[PDB]
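>>> coordinates only, sequence not included:
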């Protein structure tokens, strides 16, 4: 990577599946070396060894390198020292969790455990941020009330909460997007939506303008236009 | 304190702050002393070290030294093994309450979770005990009715219950008195209230004959003379 | 964390139990006033019913429905509604008077 | 920051993040045989952190108004505060 960035002076990309194996490999060697474990088995030279790597993928005036890293985690504990210190050296993250895979919604990136420094009101527009803001709020209310919902019905719940929830369930299912490289697996032909298109589709859907048609119309389809087509399909 | 007790034979009063910093300190030098700790990293020599200090602070046929030791509860859990060991080693525990501090009431002492070596029976005087007993009950009622007051408001509370609620609010705000060291804050000089005077006034409110002093009018008061005065002042 | 997120949510469920507990004790008080009142009402009614049999019970429609303004009554609100709506099929433009929020 | 404070100019110090200083000193201590406290950084790091923070102060007016102010930062992984650090 360094040779492309520098010598040929071209921008690069990097993929790793999985870079957890890198921290794991250290911990194995560490014991025998004469070093003693830092906490829960892992090498005490963990912080330094992560650090050096993530500064050597860095962005200069000679090339800038966009990276995609897949971190493996045992039983999804993220309070552990190895997943945790990587998140600081990442400007944006897309935490992928088991629940959203059980919901039958691939992709499985959690929407409520996502962060970005790339999402601002002038980095991608004021408008882009306000459409994303509203998605974030809606699902966080819907989660707040999962307890209450289960304990008692929605007729014993508030009418106001029920709008947020009804919006939120539809918005969760809408997040889905079958893939054209796992067309087989998904069971549905792949779809793609542009960045510009994506905001628009979510903007409308939030204001109630396309909440009134099935929650399965939003399951496993891409942008807004695919949902309207799937409704026709459903209707027959 | 040892010198006062002993040689000249004078009575004193000890005061220490925070005694969690002492407990904490030993846990460190045990560990740096190359000695395995107990669980949660604390010193395994805590019991015999706390005991050596405590035994020393005692009445002897020469003098009397009496500690009031501030203790800090780490992360508001008092079952953590280093705090749980010490609890027994302190004869007369007081629980302090963030909620009560915040509500504006001062002291922050919890009126149902205040204990001491000399409490109740005729130890503290028979009159005194029975008065303290009615108050313990009275708060407790308010805490129970609070579930009724919250949704229903009035639909099972009695004429009697409402009157029990008033007495409770009034005893509740009769635990707030101004502090001489908070003239820099509050701006109202301190109060010294004899044993008799507290026992008597508190008794009066309970008979239903000081339910003629408004509820807020027990907030920041002293003795009997002040409570009477504050009713006239607040009414007009 | 994990620990604390279990622990706070558990408090929610515990507070909810206390509120549902208290409310159910109180329900038991109201049901008795509700029954006493029902007896006297039903008995007054019975005297016109003697009449209505002997008269022969015989024959836009109106719909009336009966609820309290308070909620938490389980599926009374909507089951009763569901029977209002079923008979809303026998005329779409029927005037419904709703007794209770 | 302290040189300012002594000369009579105020300052303010951000220690971002103290948790990672403890991760450093924990690795360092482990290599030097200094054993982890409630944080893998060794227990005398309560000594490291207490000494550092009380060095931000307010002096008197025979010794200048200047005060260094401190904002210590501890980053908790899911808000976990019963940890040693």
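Nice, thanks for sending it over. Numbers count the residues shown, from 1 in each chain, chains lettered A, B, ... in the order given.
>>> Please make it C-alpha for all contacts and neighbour counts, starting now.
Will do.
>>> Which element, helix or strand, includes whichever residue of chain C sits closest to chain B?
The nearest approach of chain C to chain B comes at residue C:19, 5.8 Å away (Cα to the nearest Cα). Assigned by DSSP states H and E, residue C:19 belongs to helix C:3-54.
>>> wouldn't residue A:87 be in contact with residue A:93 here?
Yes. Shown here, residue A:87 and residue A:93 form a contact pair, counting by Cα atoms under 8 Å, at 7.3 Å.
>>> tell me which element the residue nearest to the spatial centre of chain D falls in.
For chain D, the residue nearest the mean C-alpha position is residue D:49 (4.0 Å; Cα atoms, centre = their mean). Using DSSP H and E, residue D:49 maps to helix D:45-53.
>>> Residue D:68 too?
Residue D:68 belongs to strand D:68-72 when assigned by DSSP H and E.
>>> Now that strand: buried residues?
D:68, D:69, D:70 (16 or more other Cα atoms under 10 Å in any protein chain shown).
>>> Of residue A:87 and residue A:93, which one has the most company?
residue A:93 (16 against 12; other Cα atoms under 10 Å in any protein chain shown).
>>> On the three-state scheme, the more buried one is what?
Assigned with DSSP: H, G, I helix; E, B strand; the rest coil, residue A:93 falls in the strand class.
>>> Please apply the same query to residue A:176.
Under three-state DSSP, residue A:176 comes out as coil.
>>> In the host helix or strand of residue A:172, which residues are buried?
Taking DSSP H and E as the definition, residue A:172 sits inside helix A:159-174. Buried residues in helix A:159-174, counting neighbours by 16+ other Cα under 10 Å, are found at A:164, A:165, A:167, A:168, A:170, A:171, A:172, A:173, A:174.
>>> Pull out the buried positions in the next helix or strand along the chain from that helix.
Counting by DSSP H and E, the next helix or strand C-terminal to helix A:159-174 is helix A:183-186. By neighbour count with 16+ other Cα under 10 Å, helix A:183-186 contains the buried residues residue A:186.
>>> which strands and helices sit next to helix A:183-186?
If you count contacts as 3 or more Cα pairs under 8 Å, 6 or more residues apart in numbering or on different chains; DSSP states H and E, helix A:183-186 packs onto no helix or strand.
>>> Which residues outside whichever helix or strand comes after it are in contact with it?
With elements assigned by DSSP H and E, the helix or strand that comes after helix A:183-186 is helix A:195-204. Here helix A:195-204 makes contact (Cα atoms under 8 Å, 6 or more residues apart in numbering or on different chains) with A:128, A:131, A:132, A:210, A:223, A:224.
>>> ok, the helix or strand hosting residue A:28 near chain D or not?
Taking DSSP H and E as the definition, residue A:28 sits inside helix A:20-33. No. Helix A:20-33 does not reach chain D (Cα under 8 Å from any Cα of the partner chain); its nearest approach is 11.7 Å.
>>> Report the distance from that helix to the chain centre.
Using Cα atoms, centre = their mean, to the nearest Å, the mean C-alpha position of helix A:20-33 is found 28 Å from that of the whole chain.
>>> what about residue A:80, neighbour count?
Residue A:80 has 15 neighbouring residues, counting by other Cα under 10 Å.
>>> can you pull the contacts of residue C:22?
B:147, B:148.
>>> Grab the nearest non-local neighbour of residue A:220.
residue A:176 (5.0 Å; Cα to Cα, 6 or more residues apart in numbering or on different chains).
>>> right, and the one you found touches residue A:107 too?
Yes. Under the criterion of Cα under 8 Å, residue A:176 makes contact with residue A:107 at 5.8 Å.
>>> Would you mind telling me which of those two has more residues around it?
Neighbours were counted for residue A:176 and for residue A:107 using other Cα under 10 Å; residue A:176 has more, 21 against 16.
>>> gap between the closest residue to residue A:181 other than its chain neighbours and residue A:197?
When the adjacent residues along the chain are set aside, residue A:181 lies closest to residue A:190, with 7.7 Å between them (Cα to Cα, 6+ apart). Noted for residue A:190: a distance of 17 Å to residue A:197, by Cα to Cα, to the nearest Å.
>>> Which one's more surrounded, the two?
Neighbour comparison, residue A:190 and residue A:197: the larger count goes to residue A:190, with 17 against 11 (by other Cα under 10 Å).
>>> Distance of the residue in chain C positioned nearest to chain A relative to residue C:78?
In chain C, the residue that lies nearest chain A is residue C:72 (5.0 Å; Cα to the nearest Cα). For residue C:72, the distance to residue C:78 (Cα to Cα) stands at 12 Å.
>>> returning to what we had before: from what I see, the residue of chain C closest to chain A and residue A:158 are in contact.
No. Checked against Cα under 8 Å, the pair residue C:72 and residue A:158 is beyond contact range at 10.7 Å.
>>> Those two: who's more crowded?
Between residue C:72 and residue A:158, residue C:72 has the larger neighbour count (other Cα under 10 Å), namely 14 against 10.
>>> about what we covered before: can you name the residues in contact with the helix holding residue A:28?
Contacts of helix A:20-33 (Cα under 8 Å, 6+ apart): A:36-37, A:41-43, A:46, A:50, A:70-73, A:82-83.
>>> of all the residues you listed, which two lie farthest apart?
A:36 and A:70 (27.3 Å; Cα to Cα).
>>> When these two are compared, which one has more neighbours?
The neighbour comparison of residue A:36 against residue A:70 (other Cα under 10 Å) goes to residue A:36, with 18 against 14.
>>> Doesn't the more buried one lie inside a helix?
No. Counting by three-state DSSP, residue A:36 is not part of a helix but coil.
>>> Return the residues in contact with it.
Residue A:36 sits next to A:30, A:43, A:44, D:30, D:31 when contact means Cα under 8 Å, 6+ apart.
>>> Kindly indicate the member of those residues with the most neighbours.
residue A:44 leads these on contacts (other Cα under 10 Å) with 26 neighbours.
>>> can you pull the buried residues of stretch A:72-86?
Buried residues in stretch A:72-86 (16+ other Cα under 10 Å): A:78, A:79, A:81, A:82, A:83, A:85, A:86.
>>> Narrow the residues you listed to those in helices?
A:81, A:82, A:83, A:85, A:86 (DSSP state H).
>>> will you turn the residues you listed into JSON lines that also has distance to residue D:61?
As requested, those are exported to JSON lines (distance: Cα to Cα, whole Å):
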{"residue": "A:81", "distance to residue D:61": "46"}
{"residue": "A:82", "distance to residue D:61": "49"}
{"residue": "A:83", "distance to residue D:61": "50"}
{"residue": "A:85", "distance to residue D:61": "44"}
{"residue": "A:86", "distance to residue D:61": "47"}
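>>> Nothing else from me, thank you.
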